[PDB]
Each structure stands twice: as structure tokens, then as C-alpha cells.
């Protein structure tokens, strides 16, 4: 997260760190007791590496009573995801067992009604991604509040030039933004999950290249099918 601040510890009990061989890789969001939603291109990461999900965390490295690292029973990328597109960029991770819930670990309600978030709505995104241009990785969860950007502005040639489908949404990226390591994390508006950070290549913190988020409401039936 660029231009953000350290998050209040455990105030986002839905937040997940998706890990590969014990290192933070991507964000994710607990959407059911046994299921974490993240981004498909994260799993281009990779092969038969050990994918795990850390719940209940603030610090990646330090002991905390609520921290628990879960193994992953099954990883389910969206079937229409492709290496060279930002479309359908969702991944569902089935934990080894249902997560132990408490004040620091709880699924987030997610949007089922397929209607766009209003322009200007202030939403929250959080992550353990890089915090400066050098690539410094934070030990603790960061977040930033970002206003939703209307799709037509986002689709201008100066911006993302037609790439923002009805299944995608944008937020402003003026110095404050998600960046490398934040893919798959949650964009939360009014206490409800609305978006998942996409995991394609994108400059960070340039107002001319808004953040792009997959609209979870667009994929409600798919999420239900996988969890069935």
C-alpha cells in the first residue's frame, strides 16, 4: 500500500495473507468459514509450492494469540482467467478446516446484488504490499481509504483505455494506492466486500492509472458454485 498508514491491529478480522513457502505473496479475504477469496494470477505462484493462508494477523513475523497459519486443501482459480488478461481474476482457497472464529478472525459480508458502487464512495483497501518505490515490505498490515472512480473516466484513453468491463471497478490512485503484494486483497465499502485487487501489471500511485478491482457481485454465482 502506497500513501497509506499502519492499520489498527485486528480491526479487519477478515484480512488474510496468502503465503507461498512461508512468505507473504498476496492479500485475500475470508468470505466463509473455510474459504478465502484472492486473485488468480497470485497462483501463477506457483507449481507445487506450499500455499498457506495466515489469518488473525497484524504482524507477519511476530507472535500474536489470534494468528493461525492454515494449509490449503484446494485452490480454485476462475475457469475463464487467463495469464495475459485482468478478466475473471479471482481465486478461491479452501482452508484445511473451518477457521477458528473470534474477535480477530471473522468472514466479511460480500456483495450479492450486481449494481455498481456509486462514484466517490469511500472504500478501504488493506495489505502487506510494498510501501515505497524502492520496494520496502512492511511487517504489519497497512491500509488506505480510496474513492471509487466512475467507469467511463477510468476507460478514457489517458487512463485504462477501454479495459474496464462491467465486471471491474476503479478507485483513484493519486499517490495513495495498492501496489505489489496487495493483489487479491479486499476493497470494502460500507462494511461489505465490493472488490478484489487485480493482479496484473500496473504502475502504482499515478492518478492517470487508477486501481482496478474485480467486482465480487459480478461473480456471486461462481463463488456459490465453488463453495457448494
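Numbering follows the first chain given and starts at 1.
**Request:** On mean C-alpha B-factor from the PDB entry, just flag whether 186-194 or 58-66 is the higher one.
**Result:** Per the PDB entry, the higher value belongs to 58-66.
**Prompt:** Is the mean CA B factor in the deposited entry higher across 94-102 or across 77-85?
**Reply:** Looking at the record's C-alpha B-factors, the answer is 77-85.
**Request:** In terms of CA temperature factor as recorded, identify the highest of 168, 171, 46, 37.
**Result:** Highest C-alpha B-factor among the listed options: 46.
**Asked** In the PDB entry, which of 142, 121, 158, 132 has its C-alpha at the highest B-factor?
**Response** Spelled out: the listed residue with the top C-alpha B-factor is 158.
**Lowest, middle or highest third - CA B-factor, residue 25** = Within its chain, residue 25 is a middle-third residue by C-alpha B-factor, going by the deposited values.
**Prompt:** According to the PDB entry, is the CA B factor of residue 212 in the bottom, middle or top third of its chain, that is, lowest, middle or highest?
**Reply:** For residue 212, the deposited C-alpha B-factor lands in the lowest third.
**Request:** Place residue 11 in the lowest, middle or highest third of its chain's C-alpha B-factors, as listed in the PDB entry.
**Result:** It belongs to the middle third of the chain when residues are ordered by C-alpha B-factor.
**CA B-factor placement of residue 179, once the chain's modelled residues are sorted into thirds** = Tercile = middle for this residue's CA B-factor.
**Item:** residue 113 CA temperature factor, ranked by third within the chain
**Value:** Its C-alpha B-factor, which the entry lists for residue 113, ranks in the highest third among residues of this chain.
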